[PDB]
Amino acid sequence: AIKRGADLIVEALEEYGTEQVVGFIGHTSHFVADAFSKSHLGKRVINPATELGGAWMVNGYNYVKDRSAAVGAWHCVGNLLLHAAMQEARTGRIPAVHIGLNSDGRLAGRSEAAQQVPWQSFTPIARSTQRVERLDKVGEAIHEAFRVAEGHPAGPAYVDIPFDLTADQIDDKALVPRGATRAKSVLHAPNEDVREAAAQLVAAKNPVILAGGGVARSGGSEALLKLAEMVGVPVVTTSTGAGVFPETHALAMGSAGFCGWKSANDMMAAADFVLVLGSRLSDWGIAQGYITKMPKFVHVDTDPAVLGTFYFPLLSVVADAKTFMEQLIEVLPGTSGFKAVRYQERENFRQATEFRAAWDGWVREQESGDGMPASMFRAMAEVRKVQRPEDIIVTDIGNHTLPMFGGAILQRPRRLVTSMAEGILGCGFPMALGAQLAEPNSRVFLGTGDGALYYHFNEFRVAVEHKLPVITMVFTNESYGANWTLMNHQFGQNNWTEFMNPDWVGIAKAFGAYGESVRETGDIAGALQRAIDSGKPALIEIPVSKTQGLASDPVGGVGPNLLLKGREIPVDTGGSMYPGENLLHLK
Amino acid sequence: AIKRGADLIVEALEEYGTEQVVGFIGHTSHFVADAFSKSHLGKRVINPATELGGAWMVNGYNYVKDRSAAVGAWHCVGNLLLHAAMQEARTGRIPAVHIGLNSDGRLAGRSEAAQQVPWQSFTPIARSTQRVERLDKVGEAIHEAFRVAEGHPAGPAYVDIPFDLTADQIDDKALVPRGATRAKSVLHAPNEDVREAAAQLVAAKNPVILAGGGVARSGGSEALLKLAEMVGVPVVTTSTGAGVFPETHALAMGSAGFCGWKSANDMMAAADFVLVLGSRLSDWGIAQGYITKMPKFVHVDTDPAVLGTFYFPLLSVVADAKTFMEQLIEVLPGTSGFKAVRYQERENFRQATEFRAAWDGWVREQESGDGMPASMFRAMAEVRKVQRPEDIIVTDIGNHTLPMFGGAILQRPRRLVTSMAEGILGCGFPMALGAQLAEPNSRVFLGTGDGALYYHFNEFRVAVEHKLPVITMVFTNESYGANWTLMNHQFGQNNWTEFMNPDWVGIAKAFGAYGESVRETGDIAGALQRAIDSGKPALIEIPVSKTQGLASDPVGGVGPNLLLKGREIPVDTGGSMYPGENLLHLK
Amino acid sequence: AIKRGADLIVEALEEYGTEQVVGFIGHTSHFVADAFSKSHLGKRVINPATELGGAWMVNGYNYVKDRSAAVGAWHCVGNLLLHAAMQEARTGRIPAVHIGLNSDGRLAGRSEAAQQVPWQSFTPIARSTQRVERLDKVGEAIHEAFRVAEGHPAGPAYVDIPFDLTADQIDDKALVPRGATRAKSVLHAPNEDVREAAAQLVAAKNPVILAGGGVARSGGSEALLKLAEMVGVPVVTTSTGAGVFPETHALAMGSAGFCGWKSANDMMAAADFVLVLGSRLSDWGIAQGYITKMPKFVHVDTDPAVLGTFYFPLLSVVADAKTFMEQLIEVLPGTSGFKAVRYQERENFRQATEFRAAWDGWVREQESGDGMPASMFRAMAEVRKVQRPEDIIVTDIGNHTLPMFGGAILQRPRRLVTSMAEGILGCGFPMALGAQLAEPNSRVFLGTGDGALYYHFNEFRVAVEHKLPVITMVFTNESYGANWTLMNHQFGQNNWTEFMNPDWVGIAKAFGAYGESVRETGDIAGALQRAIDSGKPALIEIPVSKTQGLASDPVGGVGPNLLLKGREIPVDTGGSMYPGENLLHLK
Ligand SMILES: Cc1cc2nc3c(=O)[nH]c(=O)nc-3n(C[C@H](O)[C@H](O)[C@H](O)COP(=O)(O)OP(=O)(O)OC[C@H]3O[C@@H](n4cnc5c(N)ncnc54)[C@H](O)[C@@H]3O)c2cc1C
Ligand SMILES: Cc1cc2nc3c(=O)[nH]c(=O)nc-3n(C[C@H](O)[C@H](O)[C@H](O)COP(=O)(O)OP(=O)(O)OC[C@H]3O[C@@H](n4cnc5c(N)ncnc54)[C@H](O)[C@@H]3O)c2cc1C
Ligand SMILES: Cc1cc2nc3c(=O)[nH]c(=O)nc-3n(C[C@H](O)[C@H](O)[C@H](O)COP(=O)(O)OP(=O)(O)OC[C@H]3O[C@@H](n4cnc5c(N)ncnc54)[C@H](O)[C@@H]3O)c2cc1C
Ligand SMILES: Cc1ncc(C[n+]2csc(CCOP(=O)(O)OP(=O)(O)O)c2C)c(N)n1
Ligand SMILES: Cc1ncc(C[n+]2csc(CCOP(=O)(O)OP(=O)(O)O)c2C)c(N)n1
Ligand SMILES: Cc1ncc(C[n+]2csc(CCOP(=O)(O)OP(=O)(O)O)c2C)c(N)n1
Ligand SMILES: O=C1CCCCC1=O
Ligand SMILES: O=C1CCCCC1=O
Ligand SMILES: O=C1CCCCC1=O
Ligand SMILES: [Mg+2]
Ligand SMILES: [Mg+2]
Ligand SMILES: [Mg+2]
């Protein structure tokens, strides 16, 4: 049957499981928009204020879904705004398919052409970059994009299609690949490796299980709870893993790292052995700038590239995290040295509970006071009083990241959202809107700095039109507070850190969102109640200090090395000159 | 003297004539910001709301200056936002040096590293992309960047410097190249070429001189006025050339092209010969999607790559525009057939004045009218009543582009600003702020769509803090009106075009800008005067139609081919299968 | 008319002035080879032993022609051999169009595909890299390739065409661009610049004119002779400029640089002013590893990118070399201080003739001597006894390069050929075959090392079949003699330098070439005469020392810095670890 390339694009997207389209209009996307209007995808298309805001929504949506359920579809030069969000998806393991409609292929390669997008700029970023030359390759290329995006490692795939192909027509027989079943990802470990890991766990004086975001992707929460209680071993997470183990449990230390919980950092410093499940041991994660000293450890991942790249394990194992834990549960009764007793009765339990109690005491101290400015730990204590197990916490990047991570106490996977891998400022608001689109009946709370909110608050258009009831706290300090604080330490003076805020309540009201400031009241509790009652996107202005959080608060970190010390470098005396030095030799 | 890398960067920027920095803080830019605070250039730093907004400011500043007088300096991941603005600077011939401070060079190449920016993503976009490996190359790299950016063709240069080199120190002897060197750009043509062009001009029955942006870069206004009057020849411009010839002159036909003046398109259709000076005959300029039929023509440019790429001239000449005109003026008295006659008495004068009169009458009709929705030609007529010769007109991309081009009547060069080469939505507001920074004796009037203003209105923080009294007219239609209109022509139905606006007056007020709506009053003249009187950046909300301008108004255009018709494409019958087709051959 | 893509390719190559094809068969080049067999150009096809050998032939042919008169046409995977020759054409300013026929476009992008050539591997090398997507772009792409290749700077252009488009057919109306267009390259300087250069030249006590390869491209020999005699100024060349000034003239100092004439290096050290015409002042040319100290200088080039990149001139001028000289000759009589005097009576004449005499005496000593091992200066003295003014001297890269440059005494341009820009071993033999194809009225003498001849002596198949009577002297030392010598200077010990030779006379005989060894006879003069008399390609085996030439002979050089001295580098003490260091902190 004769079909337009635009219709075939829509058909392929539907075949591979697309639920949500984020699209931007222009003459190159006209046929695609027309085709979507005839599909069940048409109704709920999001047309964002900008393409980078929309690309952040795709990342929030897909981070919580663990598949490319949201897709981008972009008119030519709007694809030039994608790179920042695309880079986060790469290193942050977010599946995400982007379809770029380029200008007419007849005009490609002409030196004075307009809007001929340099798709080769994505080659260093996307996990897959494809330029489609021929109409009969459109289905094929979209099939490949999903294959790469939803693999191990997950990441972004970009497909560039000159838009004349979207207008052209062809017979459709077999053109969209249909009917594939993917390989299972329940990879089992060798029995000997399971037994060696069991033997280490039972021999250790102060063991730890370290669960990263792979445990969430694997669906391993039930197995982790059973394992940790059976061996009686404290659980530490990464920031992407937080919530895979209930953080109200006596064994829960929280997340290790420089914006994490001191209980977790104390536990990692005390440990003699670690079982690492589904973590890449990253720079701004466990490695803390490659300064952290790992105890002896077993490392279990589905991606061999992460195993042994920097930290050399005692044993590296290619396996699924859930599956590995189930294998371990089966072998432990027959492991020499294993004793089946309640976790509360183990010798290692007191030290772990002490670390947690000391952390919890510090956090309670940070929640105290009723000043202006307010404490961001106090703001999070108020969120917790109105927070359900399914609800999602979002943050942006800055001093505020630390109190958001420290005040988040989670019970389910994928409830903590940000630009985890890259720390790209401005992510938080649009990622929160994407997460809300993915889970319409979950409540989404965002804690954002003022410098951060400046980026994409234009997306209040989408929030108000689509009635996305995200509750946003904007922490105001008239500064890039992390940099204010760090530069004062480093040089004795800050520069480039200060700015004027708008009347944020006035901004919210100008869009038709709920707005309220607690500057004169301190009534964070009441503001959250009123925001929730509104049924609208909401903005609550909360004044904070320039110093609280990332750049100041003692959580047991060792890195990263942000305030590096320069070295004196020798000149080159081999005889070659600098450019222009010729003039200095003239007599 | 022992100096930090950061200090050497600042010294190099000052040496090569930097006047204005647009810079964004983060730990990788800390040493550079500290260095700037100790220097003359430190007094002129804009900290923008976002890096893309700031990169658009660099483009507006440098478009009007024709050199890289503004420079960008960005913390690592913020560089990921630059690509859209950088692509405009490339094809639009805007000099622009961007300094990206990457993360620690020690951490480069590690797969789980944070904030290691893929500088190779700029290779297909910048005219020069350099990754600096060594401290003793920092001055050399910056020198090279300016040389490439300020060449023929002009464009963007990106320099990636790992930030450890900014903290490191070295003896500075000869390290920053001083005393640089620059050839004149007054390239002279051979006498043969001059004589042939003069003979063609004199022999023509209906000649035209076509003046592009190269006449502006050349400084050729005085020579062009003398040559046009001496031979008695109508003048047509490109959109970047508008204003090099006084647009109130009897011989001024205005700009050719699809958003241009119908007098210019009429004259181009009537002409038997064209002398083209400083134009690249581009897709969305004179070529109109490569549909325009050029008369026999002589083509004169400083860049040989533009000569003969698509339109084959009678004669191609490598020469400076001002210089070539001066050579022609000297040769005309001894050219066969030449006689000195007043231009008003030449046989071709009446035809040209008739074309201009017809256009002027149509413009008067488009201004004719009071009430709401307002005509954008009426808005421009009101601007002209309060416009000085050095004032600058800025537009964004959309239906509104055509009335902004058509209602701009200019008397000096470089007074008309937009994303001319690439048509990138949202350029207008930040390019206007950049232009105002560069040209503090110019009043800057921006006519922007609502869909466009949505992108970078966050930059009202810069406009208010730096007291930049740009007068912005936001034309409201609650639509991407160009696409509503094109899609209605193409399909009889629009999709992805409609959206809500905030209360734009409320937005302005929340930033401390002047705000006023004429929705109820129709009082455009009063709103302009009150906006001028305030001394502040101003936002005037003006309701308009969905359809007026680019996608509807007949100005004599022939292209581009935005609404292309699909072709039926044969399948491949070679024998090879589609992916997944194997399952269809099982029985 | 309906035409195959293959036919349209041939038509385009003929239109843009192709004279010679170097082509390699495979199924992807079948249609193109069939098309060539039906065309005028089909009569001039070389099928080389390998694609790299053939690409070197294209370089030799086009170096001497200064246009892309030879073109490559290659079956898919054979394109993978081009990169070395392509890189020489880029930095050495050799025009060269290469047409790669890729595998079926239907199969592109499949991960398990065969012979899908990564054309993106050429992007960092060619001046233009184009992948053609559509049959109706084949003529356009070829047109663009010639425009880039034959520009300023000249260089290589690569066009990748999937071979299905060569079999496909289309109506040909307007598809191959005809009537192309080309601006003159006689760029004139402004009068100010001409007058200043003349005043500097006249005021100097010890001037020099430095003439590079741009004087050859310009055709400026006649003007240079007149200018040098009129002002009475010694002439120095680059290695690509040698022969633009008659090297038997009293004012001829020869070529400066590390493999040049000591008379030229002496004169450059004595000079108070230099006028540089058509030179890029390159690393292994005049810069000598960026160590050379230039006197105050005026720098004149057609390519602004060479002016002021490293050596900062007193004055930079964009102009054609021949033209600028002609302008100078016209201005000199009215320049203050100028007087017409015979050059032999100027006060600077004696110094220059003394330099040349000292060099000539040293060369005579180096020729002094009979017996074995032979002096390579003696071999060149024997060539000169049988050398015509249009004959061509070719060399490879090694110790032997210096005596080939030093014993070549030339009277016309473009008579000295090698991999000048990149020093790529094995260039000599195939570049000599290319040069012979281009210049059938030239006798071509190649002086090659043994290590070099090893690369492409397989091309004796081409030399014999096409009756190309190149006279090759193979200098035998059973070593990479430059590296034996440099390593002995550097370490007191060589490594990886020594090897066996075949019986080279036997090799020649096995191909049907003339072969003779002088190992027993010393009879170089007789061997040259017998080789000429045969009418065949010839190989003369001449034993030589391991050490004579580049790495040993004192010619007044100061660089480059090939034998650099290491520096002690501080470690990083920031706190971060090496990969695997974790295991060292466990106790
Ligand atoms: C300002 C700032 C502060 C931060 N502070 C911290 C902090 O204090 N602590 C912290 O942890 N992070 C912090 N981060 C986040 C950090 O940068 C990383 O994003 C994070 O630590 C990576 O988590 P992960 O190692 O679990 O790997 P992820 O990035 O979540 O990747 C998942 C891993 O699991 C594997 N995997 C996937 N599926 C499976 C499966 N089925 N079975 C087995 N393996 C699987 C993958 O191959 C990969 O190795 C911070 C970031 C910012 C911007
Ligand atoms: C929505 C939209 C609508 C548009 N409508 C129109 C329209 O109607 N008409 C129109 O013209 N454009 C229009 N444009 C702009 C268009 O896309 C191009 O940006 C513009 O036409 C290019 O102008 P130009 O040819 O003068 O070259 P520029 O881009 O200005 O480049 C300068 C040229 O002059 C040469 N040059 C520089 N210095 C010298 C010198 N000293 N001497 C000689 N030569 C020199 C350069 O090498 C180059 O060729 C539109 C753009 C958009 C986005
Ligand atoms: C082992 C080895 C040893 C070598 N030894 C030496 C040595 O001793 N001395 C030496 O000189 N080189 C030597 N070379 C060669 C050297 O590396 C360079 O290839 C050479 O010096 C470059 O010559 P050039 O500066 O004349 O520029 P070219 O590479 O010849 O480039 C031509 C220049 O002229 C300009 N030009 C072109 N047309 C015109 C025109 N119409 N008008 C004006 N300008 C024009 C171009 O833009 C360019 O700047 C050696 C190479 C090797 C491999
Ligand atoms: C795109 C981008 N620009 C800049 C930065 C550097 N950066 C990281 S956190 C931060 C401060 C953010 O300020 P704000 O949102 O107000 O939070 P606070 O530090 O005040 O809590 C900055 C400037 C970045 N990571 N990404
Ligand atoms: C980044 C980007 N996204 C999208 C577009 C496509 N586009 C061009 S003009 C236009 C309409 C803009 O709407 P508005 O600013 O309201 O102007 P109007 O057409 O209503 O005058 C759009 C969507 C583009 N060129 N660049
Ligand atoms: C492809 C390549 N490989 C290696 C070299 C390094 N190289 C340059 S000169 C030289 C010696 C060549 O030996 P030969 O041809 O025998 O000349 P000789 O030095 O003995 O005169 C070598 C190995 C190079 N420049 N290019
Ligand atoms: O989508 C469009 C419509 C025409 C002008 C520009 C553009 O991007
Ligand atoms: O980009 C960042 C992130 C957190 C530390 C400070 C900074 O500038
Ligand atoms: O040219 C060919 C023919 C088929 C085998 C391989 C190849 O390259
Ligand atoms: Mg803040
Ligand atoms: Mg609009
Ligand atoms: Mg040898």
Side-chain angles (χ1 to χ4, degrees), chain A residues 66 88 91-94 152-154 185-187 210-220 236-242 255-261 264-265 276-288 300-307 318-324 395-402 405-406 418-424 427 448-453 474-484 497 499 501 544 546 550 555 557 560, chain B residues 112 114-115 396 398-400 448-453 474-484 497 499 501 544 546:
Chain A
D66 272 302
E88 174 64 42
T91 52
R93 317 305 213 257
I94 306 172
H152 288 258
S185 41
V186 288
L187 276 59
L210 196 171
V215 177
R217 188 178 182 187
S218 192
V236 169
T237 60
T238 68
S239 298
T240 58
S255 302
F258 85 104
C259 285
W261 300 12
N265 292 323
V276 179
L277 306 168
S279 175
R280 67 198 177 82
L281 303 174
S282 72
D283 184 2
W284 285 18
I286 302 311
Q288 295 184 53
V300 183
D301 207 282
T302 47
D303 184 358
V306 309
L307 296 174
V318 186
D320 173 63
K322 178 183 182 285
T323 304
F324 190 86
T395 184
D396 217 296
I397 312 306
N399 270 346
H400 67 280
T401 310
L402 187 153
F405 285 6
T418 194
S419 180
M420 292 277 185
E422 301 285 351
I424 303 171
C427 63
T448 187
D450 50 0
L453 186 60
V474 60
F475 300 128
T476 60
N477 57 13
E478 289 71 49
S479 69
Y480 298 117
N483 303 285
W484 187 93
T497 66
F499 54 80
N501 279 311
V544 302
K546 295 183 189 306
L550 180 163
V555 302
Chain B
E112 317 313 325
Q115 304 199 322
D396 215 300
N399 269 346
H400 63 278
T448 188
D450 48 2
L453 185 58
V474 62
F475 299 128
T476 62
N477 52 20
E478 292 66 50
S479 184
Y480 296 122
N483 304 283
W484 187 95
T497 64
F499 56 80
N501 276 309
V544 302
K546 301 181 186 296

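Order of the sequence lines sets the chain letters (A, B, ...), proteins ahead of strands, with each chain counted from 1. Whatever order the structure lists ligands and atoms in, that order sets their numbers, starting from 1.
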Check contact between [X] and ligand 1, using heavy atoms of the residue and a distance below 4.0 angstrom.
{"X": "A:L281", "result": "yes"}
{"X": "A:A216", "result": "no"}
{"X": "A:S255", "result": "no"}
{"X": "A:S282", "result": "yes"}
{"X": "A:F405", "result": "yes"}
{"X": "A:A421", "result": "yes"}

Which atoms of ligand 1 sit under 4.0 Å from any heavy atom of [X]?
{"X": "A:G212", "value": "26 (O)"}
{"X": "A:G260", "value": "8 (O)"}
{"X": "A:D320", "value": "40 (C), 41 (N), 42 (N)"}
{"X": "A:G423", "value": "53 (C)"}
{"X": "A:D303", "value": "47 (O)"}
{"X": "A:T240", "value": "23 (O), 24 (P), 26 (O), 28 (P), 30 (O)"}
{"X": "A:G213", "value": "26 (O), 30 (O)"}
{"X": "A:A319", "value": "42 (N), 43 (C)"}

Q | Check against side chain to side chain contact (heavy atoms under 4.5 Å, CB included), A:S185 and A:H152 | A | CA-CA 9 Å; A:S185 41; A:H152 288 258; 4.1 Å; yes

Provide the closest heavy-atom pair for [X] versus [Y] in the form atom of the first, atom of the second, distance.
{"X": "A:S239", "Y": "A:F405", "value": "OG-CE2, 3.4 Å"}
{"X": "A:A452", "Y": "A:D396", "value": "CB-CG, 3.2 Å"}
{"X": "A:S479", "Y": "A:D450", "value": "O-OD1, 3.3 Å"}
{"X": "B:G451", "Y": "B:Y480", "value": "CA-CE2, 3.7 Å"}
{"X": "A:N265", "Y": "A:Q288", "value": "OD1-NE2, 3.8 Å"}
{"X": "A:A264", "Y": "A:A256", "value": "CB-N, 3.4 Å"}

Nearest-option assignment for [atom], heavy atoms, candidates [options]:
{"atom": "atom 9 (N) of ligand 1", "options": "A:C259, A:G278, A:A256", "result": "A:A256"}
{"atom": "atom 49 (O) of ligand 1", "options": "A:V276, A:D301, A:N399", "result": "A:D301"}
{"atom": "atom 6 (C) of ligand 1", "options": "A:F258, A:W261, A:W284", "result": "A:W284"}
{"atom": "atom 38 (N) of ligand 1", "options": "A:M420, A:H152, A:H400", "result": "A:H152"}
{"atom": "atom 29 (O) of ligand 1", "options": "A:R93, A:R280, B:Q115, A:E88", "result": "A:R280"}

Q) With a 4.0 Å heavy-atom cut-off (strictly under), which part of A:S185 contacts ligand 1: side chain, backbone, both or neither? A)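 Answer for A:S185: neither.
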
Q) Is any protein N, O or S atom closer than 2.8 Å to the Mg ion (ligand 11), and if so, which? A)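 For the Mg ion (ligand 11), the protein N, O and S atoms that sit under 2.8 Å away are B:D450 OD1, B:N477 OD1, B:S479 O.
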
**Q.** Results of salt bridge (charged side-chain N to carboxylate O under 4.0 Å, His left out) for A:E478 - residues two or more places apart only
**A.**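 For A:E478, no residue satisfies salt bridge (charged side-chain N to carboxylate O under 4.0 Å, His left out) once neighbours in sequence are set aside.
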
Q. By salt bridge (charged side-chain N to carboxylate O under 4.0 Å, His left out), which residues pair with A:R217, not counting sequence neighbours?
A.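 A:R217: no salt bridge (charged side-chain N to carboxylate O under 4.0 Å, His left out) contacts found.
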
I want to know if ligand 1 touches [X] in the polar sense, i.e. an N/O pair below 3.5 angstrom.
{"X": "A:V306", "result": "no"}
{"X": "A:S279", "result": "yes"}
{"X": "A:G214", "result": "yes"}
{"X": "A:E422", "result": "no"}
{"X": "A:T401", "result": "no"}
{"X": "A:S239", "result": "yes"}

Backbone N/O of [Y] and side chain of [X]: donor-acceptor pair under 3.5 Å:
{"X": "A:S255", "Y": "A:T238", "value": "yes"}
{"X": "A:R280", "Y": "A:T91", "value": "yes"}
{"X": "A:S419", "Y": "A:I424", "value": "yes"}

Residue and atom name of the nearest protein heavy atom (relative to [atom]), distance in Å to one decimal:
{"atom": "atom 45 (C) of ligand 1", "value": "A:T302 OG1, 3.3 Å"}
{"atom": "atom 42 (N) of ligand 1", "value": "A:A321 N, 3.0 Å"}
{"atom": "atom 21 (O) of ligand 1", "value": "A:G285 CA, 3.3 Å"}

Q. Taking the six-membered ring for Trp, are A:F475 and A:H400 parallel (under 30°), tilted (30 to 60°) or perpendicular (over 60°)?
A.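 Ring orientation of A:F475 relative to A:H400: tilted.
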
**Q.** Counterpart residues, side chain to side chain contact (heavy atoms under 4.5 Å, CB included), relative to A:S218 (two or more places apart)
**A.**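 Once residues adjacent in sequence are excluded, the partners of A:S218 under the side chain to side chain contact (heavy atoms under 4.5 Å, CB included) criterion are A:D320, A:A321, A:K322.
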
